[PDB]
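As structure tokens, one chain now follows by itself in the form deposited in one PDB entry.
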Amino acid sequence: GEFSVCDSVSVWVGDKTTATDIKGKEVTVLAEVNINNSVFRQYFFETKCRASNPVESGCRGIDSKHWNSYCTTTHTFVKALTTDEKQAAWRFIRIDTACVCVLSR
């Protein structure tokens, strides 16, 4: 009978094209690799905020009196086959992974 402080929405992404790698550069993701008609697809599991303000006080369950709060997406790093158009390689790329509550006194 639990509530999250922030409302998430997850999807699978099988068609990712563009991304930022762990070094802050913009890279292209190779969705599929076709080897002798055997196809390897890259899928990513992303979680994103629904609203930045679920409740109107910002986050849910916050002591609205002392703090203001909002909901916001944070990322993690996932390895992925990529190019920078100079080179094809596996690069840790940045991935939306959760919705978290940020405080402001």
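C-alpha atoms forming the largest set that superposes within 1.5 Å between two forms make up the rigid core. Note that residue numbering begins at 1 and tracks the sequence as displayed. Residues that one form lacks are left out of the comparison.
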{"item": "Stretch exceeding the other in mean C-alpha B-factor - 56-64, 31-39", "value": "56-64"}
{"item": "Residue range whose averaged C-alpha B-factor is higher in the record, 47-55 or 72-80", "value": "47-55"}
{"item": "Given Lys86, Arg94, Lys16, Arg91, the residue at which the Cα B factor reaches its maximum", "value": "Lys86"}
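There is also a form deposited in another entry; it is not shown, and the following applies to it.
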{"item": "C-alpha of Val33 moved at least 2 Å between this form and the one not shown on rigid core", "value": "yes"}
{"item": "Core-superposed comparison between this form and the one not shown, runs of at least 3 residues with CA shifts of 2 Å or more", "value": "33-40"}
